[PDB]
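Chains as they are written, first to last, in PDB author numbering: chain G, 63 to 156; chain F, 68 to 219; chain E, 82 to 144; chain I, 5 to 34; chain B, 2 to 734; chain A, 683 to 750; chain C, 2 to 81.
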Amino acid sequence: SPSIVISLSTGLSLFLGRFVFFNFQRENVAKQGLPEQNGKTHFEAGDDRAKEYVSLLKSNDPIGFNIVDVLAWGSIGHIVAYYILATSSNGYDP
Amino acid sequence: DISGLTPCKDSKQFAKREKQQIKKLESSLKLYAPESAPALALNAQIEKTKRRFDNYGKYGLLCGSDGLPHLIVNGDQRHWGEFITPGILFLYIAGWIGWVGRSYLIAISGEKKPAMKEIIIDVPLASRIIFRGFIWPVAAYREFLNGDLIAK
Amino acid sequence: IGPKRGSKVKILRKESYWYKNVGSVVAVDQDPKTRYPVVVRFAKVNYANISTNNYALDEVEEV
Amino acid sequence: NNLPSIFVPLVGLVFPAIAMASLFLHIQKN
Amino acid sequence: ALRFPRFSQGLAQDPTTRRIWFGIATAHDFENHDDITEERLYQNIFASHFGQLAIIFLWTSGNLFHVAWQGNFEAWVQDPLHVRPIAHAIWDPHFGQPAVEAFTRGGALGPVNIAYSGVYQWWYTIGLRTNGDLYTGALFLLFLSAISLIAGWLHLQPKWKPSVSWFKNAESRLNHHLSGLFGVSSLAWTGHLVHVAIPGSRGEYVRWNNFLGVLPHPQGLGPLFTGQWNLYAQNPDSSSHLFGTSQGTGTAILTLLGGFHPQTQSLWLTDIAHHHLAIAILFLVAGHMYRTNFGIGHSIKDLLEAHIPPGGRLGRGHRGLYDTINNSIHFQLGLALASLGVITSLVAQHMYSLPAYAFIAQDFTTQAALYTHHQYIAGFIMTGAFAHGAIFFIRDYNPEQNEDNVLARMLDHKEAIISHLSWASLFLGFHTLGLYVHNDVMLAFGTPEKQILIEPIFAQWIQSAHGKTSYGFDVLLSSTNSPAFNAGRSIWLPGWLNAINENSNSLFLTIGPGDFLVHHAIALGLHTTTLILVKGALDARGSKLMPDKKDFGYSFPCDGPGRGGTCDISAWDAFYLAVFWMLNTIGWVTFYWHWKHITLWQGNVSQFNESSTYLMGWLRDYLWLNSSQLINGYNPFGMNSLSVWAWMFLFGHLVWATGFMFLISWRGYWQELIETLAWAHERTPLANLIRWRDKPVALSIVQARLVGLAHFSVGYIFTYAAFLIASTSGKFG
Amino acid sequence: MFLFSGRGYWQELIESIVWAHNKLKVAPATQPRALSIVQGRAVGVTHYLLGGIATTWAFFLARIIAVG
Amino acid sequence: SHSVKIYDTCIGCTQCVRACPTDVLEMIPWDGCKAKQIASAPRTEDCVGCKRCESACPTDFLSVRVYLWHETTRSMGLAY
Ligand code: CLA
Ligand code: CLA
Ligand code: CLA
Ligand code: CLA
Ligand code: CLA
Ligand code: CLA
Ligand SMILES: CC1=C(/C=C/C(C)=C/C=C/C(C)=C/C=C/C=C(C)/C=C/C=C(C)/C=C/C2=C(C)CCCC2(C)C)C(C)(C)CCC1
Ligand SMILES: CC1=C(/C=C/C(C)=C/C=C/C(C)=C/C=C/C=C(C)/C=C/C=C(C)/C=C/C2=C(C)CCCC2(C)C)C(C)(C)CCC1
Ligand SMILES: CC1=C(C/C=C(\C)CCC[C@H](C)CCC[C@H](C)CCCC(C)C)C(=O)c2ccccc2C1=O
Ligand code: SF4
Ligand code: SF4
């Protein structure tokens, strides 16, 4: 049953992102700021298309889960689930 | 045996090549008188060819598919004398030369005009220095440990 | 006013042929308005066949 | 059809002549 | 500002004839133009890129249209092994009657040219069967060229002109190139292979009109979304399948069979589709690494700054490298050129051992021409990489902002690198030449058994490890029982071993004592060329003979006769010297490949194995033996179809010999000659009514060196191309 | 090799070689120097003429002894 | 016209002035050395780039430097 495996993997990845690895990832992202050219960020140097989308990333979550994190963790879960399904599909043995 | 090769004392192309060379020599031998000097020279050539083939067979080489011996620089114990045994010897001799030259240069660094000693060699000091290279590995190792091999 | 005559000095001028080498001081000029008073002689000749040079105070360090 | 008999002389001779004349005039022009 | 060189007033002021030469020479050097800025340089680069794309698309459209119009594609596809491809027609007023009679080849009604480019097999494999497809492709590529030119003009306009800060947005460009340019294109090509090429190989004609009413797989998209992907590999093509028909076929579209198609000796299309799918998936996954406007990802400058080893064995590490790379374009050009050269060499080395096109292994001339062409292109690109690295070191390097990082440490100890490169080159050259000369003398005296022959043990061990059983070693894949053999036996080994262990193909050819010396010669050439280029690049900023080389520029003639004389002291001269070694090494490689493969094709491999160990063997059994048919293109008795190749042979010889003019004789003699000629023209009657506008002067020094190098290269290339094509076409085997 | 190249490159290479020598205290008192321009041209022309003449000599003698 | 620049390492040995074949350089009084004079290059537009001045200059590196630049009839040495 592909649906059960997909849902379980997505839920496990979402839980791991939200409740376990959140602080480490947030701290690491804060450590590595926006890309800089000649000591200035891309938006500051005179690029108008590089403005950060502050409006989209704002969220009502108590800790700060946003759309981008949801998409990333769901993508990882789906990749893992589909790899599991494809591996279980055939009958190759070493 | 190794890499699909045939021992040189068992292959047939070796014998065929030997026969071809011997026949080529004997064709020219017939022209002259049997007692004449060219006959003696050609007989000596034939004897040399036979001895060379016998020595190559007895030395344990490996002919190839086409019939010529092949050298093995791999490191097998049955071919110590093919590459590794001569090579070390070379290094020894080579090191000798280098060491001697270096010493001589230092021996003329003290004087005010070493160029005259470079373009006109002196024989006494050079003869003193020449035989010190017979033990070059030991002196070189001691100098490397002490630290006088490299300038600072 | 500078290094004594006959001393050995090491050069610190990057453009000189005798860079990071040693040389002997011949004389030091006492005029305060000379920019390069130190006179140095080396053992080896440069690409031009001269073997003498001038230097300022801070481009040569005593050894 | 006979397109080559018309097109080959044009590319071979007439167009290089026009190009050379125009380029020389533009080079020497002040 | 008034004369032809509008981009430089200094070149317009002088009245001599060198103004034209130097105006033509430096038209693309946007950095030296007067009143230049960063924005103008970047925009000009963008427009030039668009123009180049338009030119490429027009070129391929012309190729397609000419093959469609004057070719015999339809007659070729029916009988691939017994029809010669036709490139285009020949119209020539200078041709005589025998020339018209002899050049009429194939099924045409007039003179034609046999195509050795190999586009016929490629177009046949990708699924084209009639001339309508070729005409459609020609129209499509014409449209693409037109839209490229339109886009270039549009982006040169004031309203749509980008700014500098846009050009330096590295992370976004990397993300889009890794995700959109690479992954999506591979996915689309996989779609084409599944939809058109594979069904076209089984007899089903899928085109634009009816590609919606056909199913590539009977199951459809069900297995892909369900998870049982194995259903896409249930029924592979049978071993008796015939290309282009529906006999002994299957239904799978993604397999891992490996090996070669039995009939065509080419790779299976299903394997190619699967490979493209996997590569596209990998690229799409890997393209999300870098930070962008959405608040997640990686920052390159922080990645670089964090890689500094404790203990200071590398100094400051990678601090400040990001700005150095970004602010300079020559660094980027050098990196791109080096990568492209390595990739081109990989393509040349792979496309001859694992061919991917139907009925291409049976076309020997096409294989030889493609290999030689790609190798020469790779050599030129690799030389250009070092040239632009030296230019970067001259121009864009700021010593203060890159203090104690890897670049400064590299500039610190150039002497050790140069010395070790020199030692390696000397060692290799000395010993290779010694072995060759000893073998030659031994053969000369009449005793071959005293030769020095060394078996390439390591390479043969590698081949045995890959799965070859022609030597005797039993390692890894050779051994019947092994973790690797067991692990890989169930999927691809059965086909791979059979493909590698046959004697007809060119996959992992047998090697003996002859290949050892040639490989060492190739290594010597690589080392010497690298030494020359690296010395030129590192000694660009300064040395002891001239410690202010950065003030004069990248290219300058000399520095007078003082200090013993300084000729060829710039980095441009180092590149000009390294070009010769590049040509020599590439020539050695191509000679080796051509002789090995021609001996293999002719039937007997003993000739090479017995004559490749001494140089007289190369001179007598390769050039002299194979020139017999080429030199007989035209003779007093008559002529045949090989006449043009002999003519181009002589043309290349003449150009190569003419190069020696500029490479040996120098300026002063010719300037005096021009002096005398000017006097003679001014003093003659009926001819002094005509007066010159530009004072005639002899060529400069760097210009003469460049002209001589160009003549040398042109003659070299043309002569070798003529010899190779004529010799391989004469016997067709 | 002598006919096509120039002196400055060879001098700059000899500089690095001399550094490698001096690192091991084996530098000579007679400092190495690249050949002057005129000497380079003379060496080139001498080698060129010798090679061409020897080629013709060997070819002529072999052919005319074998067939004559 | 080329560019000839004189640096302050000069010692005033008058060799560069004598070596010039076109009368470009000259000497002026100075106070930065023992000889109390330095070189100068007023008539730069006549320089032909022969680099004879650089050949006769005793210094660790030359105190007079010639940089080649835009060419013209006088600097190229054309007699017609
Ligand atoms: C690139 C394309 C190209 C083409 C298409 C031609 C075409 C031709 N060549 Mg030329 N040629 C070329 C390049 C080319 N050449 C180059 C690069 C060279 C240097 C090696 C030469 C050197 C050359 C020589 C040495 C000769 C030719 C001759 C010929 C003609 C031979 C046909 C015939 O059998 O004579 C039939 C008889 C004729 C005399 C034709 C007469 C009509 C002519 C074409 C004039 C028409 C007049 C017209 C108003 C010209 C002015 C227009 C102007 C823009 C050019 C033909 C016109 C031959 C020739 O014509 O001799 C004079 C000849 O002897 N060519
Ligand atoms: C006197 C001893 C001597 C010694 C110890 C060395 C040592 C060295 N050489 Mg130098 N060299 C020498 C003489 C010597 N050289 C001479 C005479 C020449 C001119 C032909 C060179 C030219 C040279 C080059 C071009 C290079 C080296 C390099 C090297 C280094 C690597 C080893 C090698 O490649 O050898 C190379 C050896 C040779 C090509 C020939 C040497 C054989 C000479 C003739 C033997 C010495 C004999 C001498 C006359 C004895 C007199 C003493 C007597 C009076 C008592 C090593 C530090 C390489 C390098 O730079 O490495 C970092 C390299 O690139 N050398
Ligand atoms: C892309 C490269 C290309 C190339 C190299 C060739 C090459 C050739 N063409 Mg083909 N051709 C092409 C594209 C190309 N064609 C296209 C797109 C068309 C459709 C219009 C044709 C239609 C065509 C005809 C109708 C004929 C030829 C013929 C010829 C041959 C003689 C040359 C000549 O007469 O030109 C003829 C060329 C044209 C009339 C127009 C093509 C020019 C296009 C529009 C642009 C080329 C621009 C070029 C890249 C300049 C860029 C500059 C840049 C470097 C800065 C020669 C083999 C002749 C032949 O059959 O002789 C045997 C001939 O009769 N060609
Ligand atoms: C996802 C959308 C996207 C896409 C599709 C592209 C695509 C491209 N950009 Mg980029 N770009 C993007 C986003 C994108 N960009 C963004 C957001 C920015 C702003 C940061 C830029 C900034 C930018 C600049 C400033 C420039 C480009 C340029 C280009 C062009 C590259 C030149 C070329 O054609 O190489 C061809 C590339 C490929 C086909 C990749 C294949 C390479 C591998 C090695 C293939 C191996 C070969 C394989 C075996 C093929 C077989 C051969 C076949 C004959 C059988 C190309 C149109 C350059 C240009 O050309 O402009 C006109 C340029 O000037 N881009
Ligand atoms: C990827 C593209 C690429 C790009 C964009 C550049 C960009 C640049 N290069 Mg680089 N370069 C490249 C690849 C590239 N290069 C490669 C592959 C090499 C190795 C050969 C070099 C080696 C190189 C050198 C040696 C130099 C540059 C320089 C330059 C700059 C000046 C361009 C110019 O003036 O030339 C315009 C050139 C020409 C129009 C004249 C030469 C044309 C050749 C000789 C034609 C050969 C004749 C022809 C084939 C005859 C055929 C006859 C027929 C019978 C077949 C420019 C920024 C120059 C510079 O100084 O930059 C600061 C410089 O001197 N480049
Ligand atoms: C290998 C080829 C080669 C060639 C062709 C030449 C050519 C020539 N040499 Mg040079 N030279 C060479 C190598 C070569 N040299 C070498 C290796 C050196 C040693 C450094 C020299 C050193 C040298 C010196 C020292 C002198 C010359 C001079 C001459 C000229 C003699 C006058 C004359 O015969 O020209 C007529 C032309 C030729 C014979 C060449 C072939 C031309 C044929 C007829 C084809 C014409 C085709 C046609 C017009 C093409 C048009 C089509 C186009 C529009 C597309 C001539 C330019 C002498 C000179 O300049 O005084 C006059 C002289 O002083 N040379
Ligand atoms: C409201 C809310 C909530 C809920 C939430 C949820 C429930 C969510 C979910 C979410 C989700 C659920 C998400 C998901 C996502 C997903 C994704 C993002 C995916 C992706 C995918 C991909 C990417 C894929 C890919 C592929 C393909 C296409 C094909 C094959 C291969 C592969 C697999 C690779 C809660 C209660 C908690 C709280 C309150 C509020
Ligand atoms: C001058 C200069 C420059 C240039 C440079 C160059 C030009 C370089 C090149 C380089 C190169 C050209 C390199 C190369 C490299 C390579 C490599 C590094 C490779 C590797 C490989 C590998 C590692 C492999 C492996 C393997 C095998 C063997 C088999 C299979 C498996 C595997 C995969 C494991 C620049 C621009 C920087 C700038 C600065 C200066
Ligand atoms: C190769 C080359 C060099 C370098 C050539 C050199 C340094 C000559 C080297 C000659 C010999 C091999 C050096 C050693 C000679 C000693 C007598 C060796 C004594 C020890 C024993 C071997 C006897 C130039 O200087 C040069 C200058 C101008 C134009 C072209 C070139 C040029 O092509
Ligand atoms: S030659 Fe040099 S040191 Fe002498 S006066 Fe001229 S610039 Fe000064
Ligand atoms: S280069 Fe010649 S002409 Fe010019 S200043 Fe020096 S010596 Fe005088």
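We treat Cβ as the ideally placed atom computed from N, Cα and C, and that holds for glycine.
Residues in the same chain with beta-carbon distance under 7 Å from residue i, minus the five sequence neighbours each way, listed in chain order, please.
i, result
"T23 (chain C)", "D47, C48 and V49"
"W22 (chain B)", "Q704"
"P514 (chain B)", "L454, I455, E456 and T614"
"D441 (chain B)", "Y615, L616 and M617"
For residue i and residue j, I'd like the C-alpha separation in whole angstroms.
i, j, result
"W594 (chain B)", "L243 (chain B)", "32 Å"
"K85 (chain E)", "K125 (chain E)", "22 Å"
"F581 (chain B)", "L532 (chain B)", "13 Å"
"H71 (chain C)", "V68 (chain B)", "51 Å"
"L109 (chain F)", "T448 (chain B)", "15 Å"
"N135 (chain E)", "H3 (chain C)", "29 Å"
"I138 (chain G)", "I501 (chain B)", "40 Å"
"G669 (chain B)", "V25 (chain C)", "24 Å"
Take residue i and list the residues in its own chain whose beta-carbon comes closer than 6 Å to its own, dropping the five residues that flank it on each side.
i, result
"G543 (chain B)", "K550"
"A48 (chain B)", "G153 and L157"
"residue 163 (chain G)", "Residue 163 (chain G) lies beyond the residue range present for chain G, which begins at 63 and ends at 156; the question has no answer from this structure."
On the DSSP bridge assignment, give the partners of residue i in chain order.
i, result
"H137 (chain F)", "F:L129"
"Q44 (chain B)", "The partner list for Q44 (chain B) (beta bridge, DSSP) is empty, contrary to what the question assumes."
Between residue i and the rest of its own chain, which residues show a CB-CB distance below 8 Å, the 5 nearest in sequence each way excluded?
i, result
"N327 (chain B)", "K169 and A171"
"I89 (chain F)", "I113, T116 and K117"
"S714 (chain B)", "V580 and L584"
"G473 (chain B)", "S465"
"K451 (chain B)", "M443"
Contact residues within the segment 114-133 of chain E, judged by C-beta distance below 9 Å to chain C = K114, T115, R116, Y117, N127, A129, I131 and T133
Fully enclosed by the segment 264-313 of chain B, which alpha helix (DSSP H) runs are 4 residues long or longer?
-> 270-287 and 301-306
Taking any Cβ of chain B, which residues in the segment 73-107 of chain G have a Cβ under 8 Å from it, in chain order?
-> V91, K93, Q94, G95, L96, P97, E98, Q99, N100, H104 and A107
Residues within the segment 519-550 of chain B neighbouring chain E, beta-carbon criterion of under 9 Å | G543, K545, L546, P548 and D549
What residue ranges within the segment 503-578 of chain B form continuous alpha helix (DSSP H) runs of no fewer than 4 residues, ordered along the chain?
-> 514-539 and 550-553
Note down, in chain order, all residues in the segment 699-719 of chain A with a beta-carbon under 9 Å from any beta-carbon belonging to chain F.
-> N704, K705, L706, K707, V708, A709, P710, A711 and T712
Which whole runs of the alpha helix (DSSP H) in the segment 695-733 of chain B are 4 residues long or more, in chain order?
-> 702-732
Mind checking the segment 135-147 of chain F against chain B and listing, in chain order, the residues whose C-beta falls within less than 8 Å of any C-beta there?
-> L135, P136, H137, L138, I139, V140 and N141
Every unbroken beta strand (DSSP E) within the segment 423-508 of chain B, with a cutoff of 3 residues, ordered by chain = none
Complete alpha helix (DSSP H) runs within the segment 192-253 of chain B (minimum length 4 residues, chain order) | List check, alpha helix (DSSP H) in window: 199-202 and 223-227.
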